[PDB]
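The first residue in the sequence is number 1, and the count goes up from there. Only this structure's heavy atoms are used, side chains among them; waters, hydrogens and symmetry mates stay out.
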Amino acid sequence: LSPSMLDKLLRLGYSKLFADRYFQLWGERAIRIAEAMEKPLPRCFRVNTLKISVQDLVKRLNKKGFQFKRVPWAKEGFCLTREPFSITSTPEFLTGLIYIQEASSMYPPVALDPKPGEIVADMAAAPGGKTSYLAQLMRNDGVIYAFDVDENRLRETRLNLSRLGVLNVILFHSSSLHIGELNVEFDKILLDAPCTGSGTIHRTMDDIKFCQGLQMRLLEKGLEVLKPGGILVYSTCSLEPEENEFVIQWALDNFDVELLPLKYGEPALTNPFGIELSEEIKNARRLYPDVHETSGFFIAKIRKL
């Protein structure tokens with residue numbers, strides 16, 4: 001790492017440790033990822049197919065002056081390129097025809113691909129946007145269990161779901177870590193971490209450990225209640241291998257699971273810091289702010305054997 005790039009990373013607010021880590025993981029691209037991450041993301045939205053088709057919603061918005069591009073990994077997602085006036089001031093948004101969320105946050109639900117009639121769980125700490133995406137993909141059939149320790153937030157979410165016309169979600173005022181006490185066997189599980197990790201960047205080695213441990217605990221509880229042949233999608237908004245590839249490798253070594261292929265993004269890292277991981281990890285994907293216009297993102301699709 002040259003004194004130049006180092007200084008640039010230090011100025012962005014990185015410690016020498018993280019600067020050295022990022023350079024060891026991506027070399028000169030490290031600076032491009034760090035700088036791209038300081039920029040604001042476009043405003044994106046998801047069409048609520050529970051209330052309107054994608055084709056119809058698009059025609060309605062275009063007619064009003066809005067222009068947008070498709071999010072590659074989600075047929076219902078689009079990111080604005082022309083927002084005459086606030087998209088949240090439109091009748092479309094106010095009547096629940098669209099939902100505003102980051103492009104990356106659309107990937108997990110779509111990858112999980114819940115089907116109508118299935119028993120699903122969203123293990124998010126703050127259920128919301130992804131939970132309603134699961135609901136429309138399930139066409140208001142099946143069941144979705146979600147957990148939030150914050151009653152006020154849970155109340156807010158229940159109102160959002162009402163506006164969206166979601167009828168198959170059950171919200172519990174508890175931590176998803178207690179999912180095992182329900183004595184329910186799940187077809188699909190969404191284990192999405194809050195998009196505030198190293199991938200968001202506007203941390204300490206300790207904070208990385210805490211999240212890694214919590215991630216491991218959550219993943220184990222999720223796999224525990226998952227039916228054989230069931231699917232769990234794991235995702236984070238962190239660039240750290242410790243919260244991503246390391247957790248997935250641990251799962252592959254610790255449980256009877258296998259990874260399934262995912263289409264979008266770049267291959268996950270199989271030699272982070274010179275640590276050789278299973279080639280199978282390449283089934284996992286990463287989104288980078290320097291090429292995908294999203295926060296740092298990681299996603300893996302796991303099938304229980």
Query - Flag side-chain contact, heavy atom, 4.5 Å: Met123 against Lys221 - result: yes

Query - Side-chain H-bond candidate by donor/acceptor type, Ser198 with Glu240, under 3.5 Å - result: yes

Report task. Answer yes or no: does atom CG of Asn152 have more than 12 heavy-atom neighbours from other residues, nucleotides or ligands under 6.0 Å? Result -> yes

Report task. Identify whether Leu191 and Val233 are in the same connected component of the hydrophobic contact network (ILVMFWY, side-chain heavy atoms under 4.5 Å). Result -> no

Query raised in the report: Are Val291 and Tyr264 co-members of a hydrophobic cluster defined by side-chain heavy atoms under 4.5 Å apart?
Result: no

Query raised in the report: Got a donor-acceptor contact below 3.5 angstrom from the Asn244 side chain to the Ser238 backbone?
Result: yes

Query raised in the report: Quick one: does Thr204's side chain have a donor or acceptor within less than 3.5 Å of a partner on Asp207's backbone?
Result: yes

Query - Heavy-atom side-chain contact between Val71 and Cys79 under 4.5 Å - result: yes

Query raised in the report: With a cut-off of 6.0 Å (strictly less than), are more than 12 heavy atoms of other residues, nucleotides or ligands near CZ of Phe273?
Result: yes

Query - Among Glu224, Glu220, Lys304, side-chain contact (heavy atoms from CB on, under 4.5 Å) partner for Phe255 - result: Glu220

Requested in this report: Examine the side chains of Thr131 and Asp122 and answer whether a donor and an acceptor come within less than 3.5 Å of each other.
Outcome: yes

Query - Sub-6.0 Å ring centroid separation between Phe93 and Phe45 - result: no

Report task. Decide if atom CD of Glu151 counts as having more than 12 heavy atoms of other residues, nucleotides or ligands within a radius under 6.0 Å. Result -> yes

Query raised in the report: Are the side chain of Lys51 and the backbone N or O of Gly96 linked by a donor-acceptor pair below 3.5 Å?
Result: no

Requested in this report: Indicate whether the side chain of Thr157 and that of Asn160 have a donor and an acceptor atom separated by less than 3.5 Å.
Outcome: no

Requested in this report: Find the distance between OH (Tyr99) and CD (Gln136) and round it off to the nearest 0.5 Å.
Outcome: 11.0 Å

**Report entry** Note: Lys188-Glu118 ion pair, threshold 4.0 Å (strictly below)
**Finding:** yes

Report summary line: Which of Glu266, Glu245, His292 passes side chain to side chain donor-acceptor pair (under 3.5 Å) with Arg286? Answer is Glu245

**Report entry** Non-hydrogen atoms of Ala121 and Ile179 that approach each other most closely
**Finding:** CB-CD1, 3.6 Å

Query raised in the report: For the atom pair CE (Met37) and OG1 (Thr294), what is the distance rounded to the nearest 0.5 Å?
Result: 10.0 Å

**Report entry** Side chains of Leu80 and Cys44 in contact at under 4.5 Å (non-hydrogen atoms)
**Finding:** no

Query - Contact summary for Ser2 and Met5, nearest pair of heavy atoms - result: OG-N, 3.3 Å

Report summary line: Which of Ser104, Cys237, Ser235 passes side-chain contact (heavy atoms from CB on, under 4.5 Å) with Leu287? Answer is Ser104

Query raised in the report: Can you find a heavy atom in the side chain of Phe78 that is under 4.5 Å from one in the side chain of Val58?
Result: yes

Query - Hydrophobic cluster identity match, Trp26 and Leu9, side-chain contacts under 4.5 Å - result: yes

**Report entry** Test item: side-chain donor near acceptor, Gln249 and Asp253, under 3.5 Å
**Finding:** yes

Query raised in the report: Where the side chain of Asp141 meets the backbone of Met138, is there a donor-acceptor pair that is under 3.5 Å apart?
Result: no

Requested in this report: Decide if atom NZ of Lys227 counts as having more than 12 heavy atoms of other residues, nucleotides or ligands within a radius under 6.0 Å.
Outcome: yes

Query raised in the report: For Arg203, does the CZ atom have more than 12 heavy-atom neighbours from other residues, nucleotides or ligands under 6.0 Å away?
Result: yes

Report task. Fit a plane to each ring of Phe172 and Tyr145, take the angle between them on a 0 to 90° scale, and name the class: parallel (under 30°), tilted (30 to 60°) or perpendicular (over 60°). Result -> tilted

Query raised in the report: Among the clusters formed by ILVMFWY side chains lying less than 4.5 Å apart, do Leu239 and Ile31 turn up in the same one?
Result: yes

Query raised in the report: Between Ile52 and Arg60, is a side chain to side chain contact (heavy atoms under 4.5 Å, CB included) present by the stated rule, with each step listed?
Result: CA-CA 11 Å; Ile52 185 177; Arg60 288 180 51 163; 4.0 Å; yes

Query raised in the report: When the ring planes of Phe297 and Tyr107 are compared, do they come out parallel, tilted or perpendicular, using 30° and 60° as the limits?
Result: parallel

Requested in this report: Using a cut-off of 6.0 Å, state whether more than 12 heavy atoms not belonging to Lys64 lie near its atom NZ.
Outcome: yes

Query raised in the report: Of all heavy-atom pairs between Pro241 and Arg21, which one has the smallest distance, and what is that distance?
Result: CD-NH2, 4.2 Å

**Report entry** hydrophobic_cluster_shared for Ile100 and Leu164, side chain cutoff 4.5 Å
**Finding:** no

Query raised in the report: Taking C-beta and beyond as the side chain, do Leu226 and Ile302 meet within less than 4.5 Å on heavy atoms?
Result: no

Report summary line: Sorted by chain and residue number, the salt bridge (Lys or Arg N to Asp or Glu O under 4.0 Å) partners of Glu38 (sequence neighbours excluded) come out as none

Report summary line: When every non-hydrogen atom of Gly180 is compared with those of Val225, the smallest separation belongs to CA-CG1, 3.7 Å

Query raised in the report: Would you call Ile33 and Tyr22 a side-chain contact if the rule is heavy atoms closer than 4.5 Å?
Result: no

Query - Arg303 (side chain) donor-acceptor with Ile231 (main chain) under 3.5 angstrom - result: no

**Report entry** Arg139 atom CZ, over 12 foreign heavy atoms within 6.0 Å
**Finding:** no

**Report entry** Heavy-atom check, side chain of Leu269 versus side chain of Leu25, under 4.5 Å
**Finding:** yes

**Report entry** Backbone N/O of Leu259 and side chain of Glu280: donor-acceptor pair under 3.5 Å
**Finding:** yes

Query raised in the report: Do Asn62 side-chain atoms and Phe66 backbone N/O form a donor-acceptor pair below 3.5 Å?
Result: yes

Query raised in the report: Under the side-chain hydrogen bond (donor to acceptor under 3.5 Å, both in side chains) criterion, do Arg46 and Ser132 qualify, and how do the steps go?
Result: CA-CA 10 Å; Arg46 174 193 91 220; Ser132 54; 2.9 Å; yes

Query raised in the report: Side chains of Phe85 and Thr90: closer than 4.5 Å at any heavy-atom pair?
Result: yes

Requested in this report: Determine whether the aromatic ring centres of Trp250 and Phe246 lie less than 6.0 Å apart.
Outcome: no

Query raised in the report: Can you list every ring pair (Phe, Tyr, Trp, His ring centres under 6.0 Å) pair that touches residues 110-144, not counting sequence neighbours?
Result: none

Query raised in the report: Does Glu293 come within less than 4.0 Å of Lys39, counting only side-chain N to carboxylate O?
Result: no

Report task. Locate the shortest heavy-atom distance separating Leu219 from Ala251; write the atom from each residue and the value. Result -> CD2-CB, 3.7 Å

Query raised in the report: Do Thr95 and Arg163 meet the criterion of a side-chain donor-acceptor pair at a distance under 3.5 Å?
Result: no

Query raised in the report: Where the side chain of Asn140 meets the backbone of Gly165, is there a donor-acceptor pair that is under 3.5 Å apart?
Result: yes

Report task. Drop me the distance from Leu277's CG to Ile248's CD1, to the nearest 0.5 angstrom. Result -> 11.0 Å

Query raised in the report: Do side-chain atoms of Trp73 reach the backbone of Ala103 as a donor and acceptor pair under 3.5 angstrom?
Result: yes

Query raised in the report: How far apart are the closest heavy atoms of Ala125 and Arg153, and which atoms are they?
Result: O-NH2, 3.3 Å

Query raised in the report: Near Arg32 CZ, under 6.0 Å, is it more than 12 heavy atoms from other residues, nucleotides or ligands?
Result: yes

Query raised in the report: Is a salt bridge present between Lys209 and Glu242, judged by a nitrogen-to-oxygen distance below 4.0 Å?
Result: no

Query raised in the report: Counting only N and O atoms by type, is there a donor-acceptor contact under 3.5 Å from the side chain of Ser278 to the main-chain atoms of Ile281?
Result: no

